[PDB]
Structures are given as structure tokens and as C-alpha cells.
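In: Got an experimental structure here, sequence first:
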Amino acid sequence: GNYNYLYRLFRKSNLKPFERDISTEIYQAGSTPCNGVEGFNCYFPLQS
Amino acid sequence: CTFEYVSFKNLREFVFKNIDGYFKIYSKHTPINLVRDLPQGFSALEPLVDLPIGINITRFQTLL
Ligand SMILES: *[C@@H]1O[C@H](CO)[C@@H](O[C@@H]2O[C@H](CO)[C@@H](O)[C@H](O)[C@H]2NC(C)=O)[C@H](O)[C@H]1NC(C)=O
């Protein structure tokens, strides 16, 4: 399995045309804010 | 480092806008003689640089 290719499935808004997003900021799914720590309702924005 | 290019008595006016990742630069130079503010008049700025940065910009700072 070549897990070196990544794609983003978590973002608060849809992209504009010709946009390139390199944000590593943790997606906030729940009401509780995520202060840089992932876990429950705090997910990494990239998937392999 | 995706791009690198190397090339009051005067008035320098500039327009900076970023639409769809394209940074468009307009400019116009003219000599002036005024120490209070911008002189009252009309002039047209012309484009010289169109740089496809693809970079989000929300704030800027002027260097002296
Ligand atoms: C450009 O960057 C700003 C941040 O400097 C973005 O504003 C953020 O937008 C997200 C939603 O996409 C919000 O969750 C953040 O709270 C916003 N932050 C601030 C400080 O405003 C803006 O959306 C970005 N625009 C583009 C074109 O990517």
C-alpha cells in the first residue's frame, strides 16, 4: 500500500476555483474547540 | 520560493489586487511639487506585473 498520497476531506468551507490549500490545522467537528490536539470531534484534515 | 525576478518631488501610485490567485500590479509615475498631500488631478495606472502567486493575502505592510 502506497500511503504517500494524501487528500483533504475535512474543511469548513468549499474552495474557490484554482485554490491550493496546505493548511494542517485540525478540523473542529464538534462544538468544543480544538487547541491543536486531535481526538474526539477533533480530526486531522488529511487522509491517506 | 516559487518565483524570483531581478530587474516631495516624485509621485508613485500602485494598485494591488489578487483575483483567483493572480496578483495584478498597476503603476504610474509622475513628477510632483507638493509637500501637503496627494495633488488634485487625474491619471491612469497601467499594468506591468501579473504574478500567479496562488497565495491567500489578508494583510500587508509597507517597507521604508
Ligand atoms: C484567507 O485566510 C484567512 C485567515 O487569515 C481565512 O479566514 C478564515 O476562514 C475560515 C473559514 O474558511 C475561518 O474558520 C477562520 O476563522 C477565518 N480566519 C480569520 C482570521 O478570518 C480566509 O478564509 C482565507 N481565504 C482564502 C481565500 O483561503
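Out: Thanks, I have the structure now. Residues are numbered from 1 along each chain as shown, chains lettered A, B, ... in the order given.

In: now the strands for the chain?
Out: In the absence of a named chain, this looks at chain A. Ranges of strands in chain A, per DSSP state E, are A:7-8, A:27-28, A:42-43, A:46-47.

In: The intended chain is chain B.
Out: Going by DSSP E, chain B shows strands at B:10-19, B:22-31, B:46-51.

In: I'd say residue A:27 and residue A:41 touch.
Out: No. The pair residue A:27 and residue A:41 fails to qualify as a contact (C-beta atoms under 8 Å) at a distance of 9.1 Å. In this view, the C-beta of every residue, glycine as well, is placed from N, C-alpha and C.

In: How much space separates the closest residue to residue B:17 other than its chain neighbours from the ligand?
Out: Ranked by C-beta to C-beta, 6 or more residues apart in numbering or on different chains and with sequence neighbours excluded, the top spatial neighbour of residue B:17 is residue B:24, at 5.5 Å. Note on residue B:24: its distance to the ligand, by C-beta to the nearest ligand atom, to the nearest Å, is 16 Å.

In: Which single residue of chain B ends up nearest the ligand?
Out: Going by C-beta to the nearest ligand atom, the ligand is nearest to residue B:56 of chain B, at 3.8 Å.

In: before we move on, what about chain A?
Out: Residue of chain A nearest the ligand, by C-beta to the nearest ligand atom: residue A:13 (4.2 Å).

In: thinking again about what came up before, a markdown table for the strands of chain A, including distance to chain B and mean neighbour count?
Out: Formatted as a markdown table, those follow (distance: least, C-beta to the nearest C-beta, whole Å; neighbours: other C-beta atoms under 10 Å in any protein chain shown):
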| stretch | distance to chain B | mean neighbour count |
| --- | --- | --- |
| strand A:7-8 | 15 | 10 |
| strand A:27-28 | 18 | 16 |
| strand A:42-43 | 22 | 17 |
| strand A:46-47 | 18 | 12 |
